Ligand code: HEC
Ligand code: HEC
Ligand code: HEC
Ligand code: HEC
Ligand code: HEC
Ligand code: HEC
Ligand SMILES: CCCCCCCCCCCCCCCCCC(=O)OC[C@H](C)OC(=O)CCCCCCCCCCCCCCCCC
Ligand code: SF4
Ligand code: SF4
Ligand code: SF4
Ligand code: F3S
């Protein structure tokens, strides 16, 4: 995985230095792998929150074992999807221009193009599926801290789990913060891959202006996402001895939600 | 990747002594001309501050009525070409100029004891009056010296067929102002030929379809290779080019010419074309013409005058005059006459001025090996050509924007070539070189130019004439006077030979690269060839029938073996082409062109014969290749049912009966997205596709004006050509003989621009004047705008496209280092785009802003003809018309009301601001079906 | 910060050059060329009887002196000449008092009978000490308007 | 497309809004065979609320698509339903259909 | 494009293998529940 | 060398168009050549080390390499002769050049400053005649006098003047 990262940071150092045109993108098709993999990688991350957040609405319990192995699967599928809209631009250094800021020249981002909603969907999807994931960790990082029996390891998790303490009232504030965040990451990922759906459907192209892209890109993101959840849990269930937690009924139900999508 | 907390301390250098004419920040157009084939074109070049920047046509010149050619437009890069010669080379070793005069005047004193016996000269078909007059001083100071004129493409047959039919030599001047029926056999007259611009406008001026037009030219073309005349041709016929020589003999027997004695029966469809043409020339006798191209043998040009004088075209349409060039008896026969003299060691001083025959030799005339059999062989060329590799001396060229010379266009209208800049490298042009041979070395070019024109000016003063000659450029006082002719018959009494069977290689000059003298020009090389949109490749074009016979594709690499010599050429199937015949392009494979045309393969000059120099029937194809790149820009060459959105076609048979016969009646389309009002200047364009002959001069005019970067062939095959304006061939139906239509595609400047709502940082926005503003600096390179653009006009600087033939764009060590010589050809009011920045045809805002601001400064409004876009005043046919739409008396708002007016892709309401006119193509009743 | 197109490979109206010996990017015009708008062979564009350099000068101003041109002349004379010939033409400009062959005042009999050609000849080609103007005025309308104002300065000594 | 999908998202408002309506008329008159648990009535309320959000997600995205790229073949639907008085029923869909029963 | 997409799985698994080793790869208190919920349902039966 | 103090030179009565002749006629306000500086300094203070740099530029063909202080980014395409013609005096963009021994930037050329007068010219538009009058302080009622000069000059609206093509051509 690290040698694959050295291929990542070298295909980026070659891209920044030589240009965005080492990609084989033509002028008719200016959007190639850089956007096929952006919509794919962000599509993977959407069924990691359908497990972590959308199933919390339905109060279902086949989500508990597959919670973090999918919620943390979202973030790292956004950390590889949040780079393509920051790197497929021909001038990546001016990617702060897609953000609203008083910047000594009266230009602001457009707010009519879905590449301007993307930087508002991807940046929200990042810093909400990170906080909802870090929220789901403070109780666990308190379990890792109390069971560490190793100074500077107990301090590491003791610093991440801020002061968790358990708590009768700290758990009620958690149950409402986790429900509302689940109730906010349900329309978020219904809109993040719907906004990513709209960087095709607002164009007058024949194969792109299909109006049913929002409830079909979302359905495609949940479709490709559960495939990646299964691809990453069959090894985590087999190699890591988690047969007593991620039971085969989780895959029976993930295979059905991957079918309903 | 450049980065800095502050941009460097940019310096402001003023003049040391500012001229009384240079106002900093203003174009200051000049008036010069360019020797294309010895004949002038009459330019009007943008001289910003001493240096030229943009070449435009001189509206007072007959050879170019305000619009330039394709080669002529891109010859501002040929000047600002870093591969241009910068110092003379003595035997390859770089040397000074004053060392040449030491060893050139020492050769004249060695050529004076002998009465100038070995002072042969190989200029190429010069018509310059001051160069003719110095040729006269050289041939009387050295009486035995000879001056062989060799141009590889020039009038070798038309000038030898003119004296074959008339006795003495004549110079015909075809006029298409009054020509209802043109029948030009192999006539590529709307071509880079010296009369190409005028014969494109005078032919387009006949097919100006309007609200009430009923009579239009017909132009029967009869040509083996589809050419830029076949676009305007209404009945083009793919002929073998061996039948043309007796396809005119059939027309010269229907028209009554006494002793033609035709032979070699034609065809079922070539004969039906020659009866319908002759039955169309007998009607409207006085207003018609029978043109003949250069590829035909001299006996055909003799018949071209046998029919023109039979239809009474003399004095009306065809005008014979005194020969503008000095001697028309030179060319392929004069090159062989000198080469047989260079053999056996007769030549001692061989000044090859601009011909470059070591490359241009027909491969039967062994000039490469005949050279170096002489002791002293000079050369004065702007590029170190394949002769400079083999010649002893090589004087720098002094490109025509740096040389004090003159030209003489067709009909004799001399134009003083006017140096805009002093030569970047020490020039020493053809006049400053003969001054060394004549014996007056220290006498500059301007000194001899007035020392000749003070003799030729007998009327009035000189400074009232010389400056008026320099201001207008056109002197129009040496107009070639008419000449009574006789047309002595019997020239066709010789029977035509037995028709030879076999595939025929027809030798053709390349539209873009004429004869290889401009192969290092990256602008007219990246420019796509007209019918086959290839850019950096010479190919063997075959018809679809004569390639399915050989089992050939669009990418194979055949080995054309014609009379012993093999060339190993690619292949590109061309639907309009003729059966069992291939064509070639002149001037591609140059071992020493420079850094641009240095290895663009398939040198087609090594297949000629000097007896069959334009077409021959002894070819063996025998494919020996599998796959080639063949970077073409278009892609699909078929109107995929998308007529009414692409170029709409029709015919005058159904235009007189219903003017609005292709304007679809559609209701006002509903648009949720507001509506904005443009009460200021409403900048709109009206293209007339009826007259867009794909000259590709508008493609280079947008490059010369908008600093558009050349792209390598490796990145054009990837579909990354930077061309804001493109012409689209579409090949409707019957892939053996398809009609071909052009829709020159540029940025429509859509009012409901879909490419604007899709820029995240809001770079590309619309204007209050009404044209999509691409802002190259706010562009972060998202490149989404092209995907929303319905026409895919927006081109993206994917890599650092800048000086690309001089630095491969896939590097980055030099992508911030710019060639200092190239920085001058760039327009000082158009952004030189970096990488990662999309661009598009901006209606030349560099011309709208500089003219509106000049209008607001003077508190007046913009005149109708004051803002001409770069592609509008370069189109010879004047297809593109740009102007205010709110000005009711404008040539656009009176041109968008025509019944042919339509916009591309009106099914999606972009409200395009350019509105093409349909292609009405005047079919004959008894020839169509 | 990113200098992408802050410095471009093109020569703006004034900036240094790395190809020419005197880095200018503004090359001198070739000596005897005539531009499209600058003919300068008549009695108007040069103050000579027919444009000949060995001509006889022009006694009256060739262009029609409209009343809106004298206010253009008095404004142009106040720019160029007045800094060194004085605002009222008596050669007492703030710089004129510092030139060693002090600029000759008007209103003296030497410069009244001097024709409008000389007043234009020195305005375009200068004198033995006055450097050539006309690359500063650069417009025949304002070139003769200055001569017109000096023609009316001498109307009140 | 998504014209048959914007009905599906509105088929689920009627059958859930009707589900709470019919369960209330049966419980107001005391006709139900089971007392409605106040936490599972909150489930029908969460379904009804989530489907006003889905309905506004499918009707607006159908409009945001057709409005952005206004191809005159997809436009005449929202064009005729935004002019001549139909915009009064259009601004009710934005405020009285989504924004009022989303805040409530 | 291949050396960036196939290298993007590096940046995915560089973080996903760091998450497994550093953080609990499966929720603990959410699996403490559904164990307290299974005993609460087994209590009635 | 020498530096060319404007304060000393304009104090001699130089009307700011003696040098910079191409203003009010061209897009680029030109810098005077060596012949202008040598128009007086051929005998004013010749043989002085302060002015021996125009003589070094007059005898030698080299032109003076003036350091540019107002450095626009070459993709913006400023245009004089339309600010000077529409009543935008030489101040308010260059500051008081009459009190500048060395020319420095006064307005930082932000494009929030160029658009500030393009979106609202009445706050800075002055009479056409008092453009080269550097002592021009805006009146207390700059608006409703600059508002009146906008219709007098027909200066275009904030919608036509801030639309990506005025600048950035
Ligand atoms: C200071 C640099 C001057 C400027 C500004 C102008 N003039 Fe001048 N002028 C100057 C000098 C030092 C002289 C003396 C010439 C000599 O013989 O040394 C002059 C002279 C003239 C003359 C008379 C020439 C003659 O031979 O009598 C004229 C008619 C004249 N100057 C005109 C003139 C005009 C029109 C000017 C504005 C463009 C102008 N001068 C400016 C110094 C200077
Ligand atoms: C006549 C109108 C002049 C023009 C044209 C130029 N300068 Fe000048 N300069 C002039 C005077 C009368 C003086 C002062 C005389 C004295 O004895 O000091 C100057 C002085 C300078 C200086 C020195 C400044 C100081 O304080 O000593 C410099 C550096 C200078 N001038 C530069 C300069 C340049 C670069 C010019 C061309 C743009 C130029 N001067 C023109 C009068 C005139
Ligand atoms: C000749 C004596 C001049 C007069 C009169 C005026 N200016 Fe000037 N200016 C002159 C020179 C030789 C230079 C370049 C030298 C330097 O120090 O920069 C300038 C420069 C400017 C600039 C800045 C140009 C830049 O590099 O960005 C400005 C803004 C300027 N000048 C303004 C200005 C004004 C308002 C004037 C009338 C009072 C004026 N100049 C007169 C030469 C001369
Ligand atoms: C704001 C609209 C301005 C007004 C009013 C004046 N100037 Fe200017 N000036 C301005 C800018 C933004 C720049 C730099 C732009 C560029 O690309 O150069 C300048 C620059 C100059 C220069 C130097 C130009 C160069 O060397 O390239 C000069 C000589 C200059 N300005 C003179 C000048 C004068 C005399 C003015 C009063 C009429 C004047 N400027 C007004 C902005 C503005
Ligand atoms: C107020 C003092 C201004 C500042 C600051 C800038 N500009 Fe300006 N500009 C101003 C006026 C009153 C006008 C006249 C507009 C008209 O149509 O008459 C202008 C005009 C221009 C133009 C040309 C207008 C056109 O029709 O193309 C340009 C190119 C321009 N201005 C450029 C420009 C730049 C780049 C500026 C920032 C450095 C700038 N202007 C500032 C007033 C003012
Ligand atoms: C004249 C009033 C302008 C108008 C209209 C527009 N721009 Fe501008 N722009 C102007 C100036 C003087 C500058 C220089 C600012 C600086 O920092 O020196 C700019 C710069 C920009 C930039 C920055 C480019 C960079 O490489 O940093 C951008 C992105 C830009 N301008 C965008 C922009 C757009 C999109 C405009 C039309 C909607 C536009 N500008 C108009 C002057 C003027
Ligand atoms: C993956 C990222 C995106 C996440 C999702 C989206 C959320 C975005 C949240 C807001 C963050 C946006 C960051 C944009 C930074 C733009 C600054 C910039 O690029 O300056 C450009 C220029 C080269 O720089 C300059 O001109 C000046 C350079 C020096 C200052 C650099 C400051 C950079 C900030 C770091 C602060 C370091 C301290 C600096 C100390 C002083 C340094 C001299
Ligand atoms: S529009 Fe283009 S292709 Fe057509 S004639 Fe003009 S320049 Fe040539
Ligand atoms: S025609 Fe293409 S480039 Fe031009 S405005 Fe429309 S979408 Fe943009
Ligand atoms: S208007 Fe000018 S820039 Fe636009 S396509 Fe035509 S030539 Fe090119
Ligand atoms: S969509 Fe946007 S930022 Fe650049 S290339 Fe295309 S414009």
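Residue numbers (PDB author numbering), protein chains in the order written: chain A, 54 to 314; chain B, 78 to 1006; chain C, 33 to 189; chain D, 208 to 311; chain E, 420 to 464; chain F, 58 to 226.
Note that CB positions come from ideal geometry on N, CA and C, so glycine has one too.
| Check | Outcome |
| --- | --- |
| CB of residue 649 of chain B within 8 Å of CB of residue 616 of chain B, strictly | yes |
| Cβ of residue 232 of chain C within 8 Å of any chain B Cβ | There is no way to answer for residue 232 of chain C, as the model of chain C reaches only from 33 to 189. |
| Under 8 Å by beta carbon: chain A residues contacting residue 425 of chain E | 57, 60 |
| Proximity below 8 Å, CB of residue 117 of chain A to CB of residue 238 of chain A | no |
| Residue 245 of chain D, DSSP secondary structure in three states | helix |
| Under the three-state DSSP convention, the category residue 877 of chain B falls into | coil |
| Below-8 Å beta-carbon distance, residue 157 of chain A vs any chain F residue | yes |
| Against chain D: residues of the segment 963 to 988 of chain B by CB proximity under 8 Å | 984, 985, 986 |
| Strand pairing of residue 124 of chain B, partner residues [DSSP] | B/129 |
| Under 5 Å, CB to nearest heavy atom of ligand 7: contacting residues | A/149, A/176, C/33 |
| Test item, CB below 7 Å from any non-hydrogen atom of ligand 2 | C/115, C/116, C/127, C/130, F/59, F/60, F/61, F/62, F/65, F/66, F/69, F/71, F/75, F/76, F/89, F/93, F/94, F/96, F/97, F/98, F/101, F/102, F/107, F/108, F/111 |
| Entirely enclosed beta strand (DSSP E) segments - the segment 756 to 791 of chain B, minimum 3 residues | 760 to 764 |
| Minimum Cβ-Cβ distance from residue 748 of chain B to chain G less than 8 Å | Given the protein chain composition of this structure (A, B, C, D, E and F), no chain G is represented. |
| Supposed contact pair residue 287 of chain B and residue 975 of chain B - C-beta distance, whole angstroms, cut 8 Å | 6 Å |
| C-alpha gap between residue 722 of chain B and residue 821 of chain B, whole angstroms | 12 Å |
| C-beta neighbour in chain B for residue 68 of chain F, strict 8 Å | no |
| Of the residues B/638, B/502, B/130, the one placed nearest residue 696 of chain B, counting alpha carbons only | B/638 |
| Rounded distance between the beta-carbons of residue 85 of chain A and residue 78 of chain A, thought under 8 Å | 5 Å |
| Own chain partners of residue 83 of chain B with C-beta closer than 8 Å, once the 5 adjacent residues on each side are dropped | none |
| Rounded Cβ spacing between residue 387 of chain B and residue 332 of chain B (contact assumed at less than 8 Å) | 5 Å |
| Cα-Cα separation between residue 150 of chain C and residue 79 of chain C, rounded to whole angstroms | 8 Å |
| Contact list for residue 85 of chain F against chain B, beta-carbon separation under 8 Å | 101, 102 |
| Environment of ligand 9 in chain order, Cβ to heavy atom below 7 Å | B/824, B/825, B/826, B/827, B/830, B/831, B/832, B/833, B/841, B/849, B/862, B/865, B/866, B/867, B/868, B/870, B/871, B/917, B/987, B/989 |
| Cutoff 8 Å; reference residue 322 of chain B; Cβ partners in own chain excluding five residues on either side | 373, 374, 376, 377, 573 |
| Residue 961 of chain B, DSSP secondary structure in three states | strand |
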